[PDB]
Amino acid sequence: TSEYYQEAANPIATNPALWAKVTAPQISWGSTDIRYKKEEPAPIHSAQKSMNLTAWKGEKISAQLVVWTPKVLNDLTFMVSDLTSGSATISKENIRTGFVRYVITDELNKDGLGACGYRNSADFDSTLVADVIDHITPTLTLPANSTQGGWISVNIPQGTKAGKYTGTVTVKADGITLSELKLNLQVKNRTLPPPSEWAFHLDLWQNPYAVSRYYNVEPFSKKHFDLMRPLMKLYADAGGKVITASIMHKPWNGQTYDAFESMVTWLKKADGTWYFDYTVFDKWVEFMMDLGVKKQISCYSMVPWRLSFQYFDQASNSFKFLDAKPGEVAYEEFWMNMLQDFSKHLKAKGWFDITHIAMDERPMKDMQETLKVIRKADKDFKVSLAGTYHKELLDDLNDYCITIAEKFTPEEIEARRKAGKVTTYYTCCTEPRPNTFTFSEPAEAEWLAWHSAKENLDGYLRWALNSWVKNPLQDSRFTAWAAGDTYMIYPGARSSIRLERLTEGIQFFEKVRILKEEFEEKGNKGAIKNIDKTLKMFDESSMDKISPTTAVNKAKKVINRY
């Protein structure tokens, strides 16, 4: 109820001429590849009344329906039935419905070659786009001449018996039924493990400070964790493996609407001794582990974007700053002290094996000077970098994440896989496509996971799960970057089109891995070669002969035939 909301005003006026051949309200299955605009009729010639889906046991699969009306429709609703198949059933508890709601977005930089740098919103276009999966609001009133998408997620349980299942989606308005769309689902005799058991390394950096701000509650209070639980569950259920921690004040110098505070207390006592306390850090880590996010903790950062380190100075009873750089003796002395304490603490908690000291796009020289400090503190501290490819760092880094344009050699990837290291890629503001801006094509998000599979990478990294702007449900623009850069989940614990398509891609990554292990076990070199040539579609420079949407849909069909 407190999560109900109003969308922003459409910056595009509705054109009555576009709506003149719409005589009655129209209800049809649509496509999960499409963001239907609010102010235009759905681009669908013909009412498609049936939907054929194919899926594995355990898989989450989705479909979009669409409603558009020349008249006002009050209290629009859709329920879905059980899915029946002779004697066996998929309960409707396993089916989430939501209204695909509209958020303000912009566009790429004026040149079309990137989306990096500061922005005044006045200098760019402004539109509404369908991105939010609103599973909370039970009904909506559609105005005259407007369109509204409906997202339907089907969670197929593990125990479900292989066969063809039939079901009904019932759209109502004003208290009366407008249409019964049919839904067929072919469940195959192959099982997809739960999210907890997926190999895919998904790192989407979390900002707890954005949630405390938006809801105006005290950080790390009961209320704060209660609001974050379903929100972060979305991340766990997409296969999230990495817990973000800020072990010092402002690791990214407040580049986001909400700055990261320190989850560690840095106390310099007046007698030369230090006192460190990890109570916040521990509560945050324990909380995320509880949700199923447990493979890695990434601590930002020893090389924060501004080289100014906050500490509580007891002598003056105040916050002071140490200005110090990697390569300075004072920098080393300051960090050795903390890291040696942090190391003991982490071993006592049983988290040391998984805890990485983490850096974001720092230069070569600084990384080398920083590594020396780290190794001197503890030889077994794990380290991560999301940044530029450097042959010099391949052995020192346990999680190495590289821009999409750059590549590890297959030799380098095998050695890294063999040694239990993690090897991923990212996109950021640089790359017009593929990306997860609110205006990006939905299939782009899915494409990202397939690209991991083509490159034999472990997964994918993006720098902002939920670094919300002021009013994230209404307006996704920020003072920097393309709109949507800073988040992919919304308040109320509402998923995005982007995150659901990414999750589907991740599921197919897992399927590709399971099929290859089976085909290596049998003698099946025909199947391996075929899968591998489907995967060559996911090259960042073959997007102009084969579009992301075409690529994805081709490859889905292929894997689902095996």
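One rule holds for the numbers: they count along the sequence shown, beginning at 1.
Of the two segments examined, 84 to 92 and 340 to 348, it is 84 to 92 that shows the higher average Cα temperature factor in the deposited entry. The question of which stretch, 286 to 294 or 160 to 168, has the higher mean Cα B factor is settled in favour of 160 to 168. The PDB entry assigns the greatest CA B-factor among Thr423, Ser196, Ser246, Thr77 to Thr77. Based on the entry's C-alpha B-factors, the most elevated value among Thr427, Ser301, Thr191, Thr273 belongs to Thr191. The PDB entry assigns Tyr215 a C-alpha temperature factor belonging to the middle third of its chain's modelled residues. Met367: CA B factor in the middle third of modelled residues in this chain (values from the PDB entry). In this PDB entry, the Cα temperature factor of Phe478 sits in the middle third of its chain's modelled residues. In the deposited entry, the Cα temperature factor of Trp151 places it in the middle third of its chain's modelled residues. Among all modelled residues in its chain, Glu261 ranks in the lowest third by Cα B-factor.
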